[PDB]
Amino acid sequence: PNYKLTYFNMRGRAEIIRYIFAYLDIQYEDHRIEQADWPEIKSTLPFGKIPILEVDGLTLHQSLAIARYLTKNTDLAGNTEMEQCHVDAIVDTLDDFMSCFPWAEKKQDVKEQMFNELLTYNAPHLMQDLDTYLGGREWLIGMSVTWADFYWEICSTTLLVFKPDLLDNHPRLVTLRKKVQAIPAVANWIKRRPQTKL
């Protein structure tokens, strides 16, 4: 089928979709719009938000809903229904935290303060719960990589931009990132993708 992903020129919420396409070796149009075209693009979105993924003429929206759709019947989904639930749960827990940041906050002064408070007073609790959850296991769910691992690597990459020492107390979570970054197809995408801050 023909796929067309539309998002801004940044990793952000479209990156999980881009990782999945890379991993599954599926061709797609990576459409990155500029701020100047937002007004026009927006008037075509079902709920005024991106990313959207057009599949053979039909529009899908919501990054995680799209990620789940693309991984259905693949090795990234989770081996059992219980495990698939755990994958969804970990992704939503991560997404819940990322959604707490004031990404659209105009006033930089207030924005910086909130980011710093979230990374100092809240992040540590989530990092510890994730580390405890993973224990000595190779991956977050099951005995093989799932898109939950992809999401951890993606979210942590952005958090590290604002809090470099985020994982200084959790080497096991760093190892996990490295294992994700070591997957051949993923490594290739990470090396070739457009370099953006977020």
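A residue's number is simply how far along the shown sequence it sits, counting from 1.
Open item on the list: I need to verify one thing: averaged over C-alpha atoms only, is the B-factor higher for 47-55 or for 130-138?
Closed with: Looking at the recorded C-alpha B-factors, 130-138 comes out higher on average.
Open item on the list: Tell me which stretch has the larger mean Cα B-factor in this entry, 90-98 or 104-112.
Closed with: Comparing 90-98 with 104-112, the higher mean C-alpha B-factor belongs to 104-112.
- [ ] Name the residue from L60, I33, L64, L70 with the greatest C-alpha temperature factor listed in the entry.
- [x] The C-alpha B-factor peaks, among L60, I33, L64, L70, at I33.
Open item on the list: Quick check on the deposited entry: does the C-alpha B-factor of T120 sit in the lowest, middle or highest third of its chain?
Closed with: Tercile = lowest for this residue's CA B-factor.
Task: Chain third (lowest, middle, highest) by recorded CA B-factor, residue given as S144 - done: Within its chain, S144 is a highest-third residue by C-alpha B-factor, going by the deposited values.
- [ ] Please rank the C-alpha B-factors of the chain's modelled residues and tell me whether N169 sits in the lowest, middle or highest third.
- [x] Highest third of the chain for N169's C-alpha B-factor.
TODO: Consider only the C-alpha atoms of the modelled residues in this chain, order them by B-factor as the entry records it, and name the third containing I41: lowest, middle or highest.
DONE: Answer is highest: the recorded C-alpha B-factor places it there.
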